[PDB]
Amino acid sequence: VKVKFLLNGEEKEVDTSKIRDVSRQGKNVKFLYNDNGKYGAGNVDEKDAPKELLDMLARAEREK
Amino acid sequence: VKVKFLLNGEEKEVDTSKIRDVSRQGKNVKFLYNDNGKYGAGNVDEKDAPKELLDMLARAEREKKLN
Amino acid sequence: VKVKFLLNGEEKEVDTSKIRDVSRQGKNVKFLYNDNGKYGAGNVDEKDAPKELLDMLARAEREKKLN
Amino acid sequence: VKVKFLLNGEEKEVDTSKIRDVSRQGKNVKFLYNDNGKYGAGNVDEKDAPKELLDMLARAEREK
Ligand SMILES: [Cl-]
C-alpha cells in the first residue's frame with residue numbers, strides 16, 4: 001500500500017514494499033526505505049500509518 | 001564530531017553518532033540521521049563532510065559491492 | 001576511540017578510524033582493519049565493542065538489507 | 001584463479017572471483033573478498049599475486 005509521510009516537513013509518498021526498517025518514538029513512526037537504490041527516510045504519525053506499516057512496526061519491535 | 005549543514009535554509013548541526021546512513025551523488029554527500037525521534041536528511045558537499053562521515057560513506061559503498 | 005582485542009594471543013589496539021568492515025556472529029563482533037599497509041582481522045565480544053564500532057555494525061547491517 | 005594469501009600471518013586461499021577491493025602499499029597487495037556472505041581480508045606480496053589479481057590492482061588504481 002502507499003504510505004504518505006514527511007521528511008524535513010515535506011510531504012512524500014512511498015509503497016510499503018520499499019520499507020526496510022521501522023520504529024516508533026512517541027507518536028512518530030519513522031522508517032527507512034529503498035529509494036531507487038539508496039536509502040530514503042520518512043516519518044508518519046502512528047494514526048496515519050496504514051495497517052501494513054503498523055504490522056511491520058510491531059514485527060520490528062518483536063525483533064528488538 | 002559534528003556535521004554542520006543547511007536544513008530548509010536553517011543552520012543545523014548533527015553529531016555523527018546520530019547518522020544512520022550515508023550516500024554520495026557526485027560531490028554531494030547525503031546523510032540520514034536521528035533527530036528527537038524523527039529521521040531527518042541532510043546534504044553537504046564532500047569538502048564539508050568530516051573524515052568520520054567520509055569513512056562511513058566508504059564502508060557503505062564497500063557493503064554495497066559485497067554481493 | 002580504540003578497540004582493544006587479542007590477536008594471536010597478543011594484546012592489540014586499533015583506532016576505529018582504521019576499521020574497514022564489521023560483522024556479527026551471535027555475540028562475536030568481527031572487524032577488518034588497516035595496520036601498517038596490511039589488513040588485519042580482530043574479534044571482540046559485543047560487550048567489548050565500543051559504541052562507535054557497534055554503530056558501524058548497525059550501518060553495515062542496514063546496507064545489507066537495502067536491496 | 002586461486003590466490004594464496006595471509007591474514008594475521010595465517011595461510012589461506014580464495015578464488016579471485018570473490019575479490020572485491022584491491023590496493024597496494026609497498027610490496028603488500030591487500031584485498032577484501034566475499035567470504036560466504038560477509039567480508040574477509042587478505043594480504044599477498046605483489047610477487048606472489050596472480051596475473052588476474054595484478055589486473056584488478058591496476059584497474060583499482062586507475063579508479064583512484
Ligand atoms: Cl559506518
# chains A, B, ... in the order shown; residues from 1 in each chain; ligands from 1
>>> residues_around(residues="residue 5 (chain A)", least_positions_apart="4", cutoff="10 Å", atoms="only C-alpha atoms", output="VMD selection string")
chain A and resid 9 to 14 29 to 31 41 to 45 48 to 49
>>> residues_near_ligand(ligand="ligand 1", cutoff="6 Å", atoms="only C-alpha atoms and all ligand atoms", output="list in words")
residues 56 and 59 of chain B; 56 and 59 of chain C
>>> write_last_selection(atoms="C-alpha atoms", output="PDB file, in the first residue's frame")
ATOM      1  CA  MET B  56      31.064   5.803   6.960  1.00  0.00           C
ATOM      2  CA  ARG B  59      32.051   1.428   4.448  1.00  0.00           C
TER       3      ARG B  59
ATOM      4  CA  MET C  56      29.280   0.851  12.254  1.00  0.00           C
ATOM      5  CA  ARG C  59      25.007   0.676   9.402  1.00  0.00           C
TER       6      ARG C  59
END
>>> residues_around(residues="residue 35 (chain B)", least_positions_apart="3", cutoff="12 Å", atoms="only C-alpha atoms", output="PyMOL selection string")
(chain A and resi 7-8+25+28+30+43) or (chain B and resi 12-20+32+38-42)
>>> closest_residue(among="D:59, D:64, D:20, D:27", to="chain B", atoms="only C-alpha atoms")
D:20
>>> select_by_dssp(residues="chain B", states="helix (DSSP H, G or I)", output="PyMOL selection string")
chain B and resi 16-18+46-48+51-64
>>> closest_residue(among="C:11, C:2, C:65, C:60", to="chain B", atoms="only C-alpha atoms")
C:60
>>> atom_distance(atom1="CA of residue 67 (chain C)", atom2="CA of residue 67 (chain B)")
10.5 Å
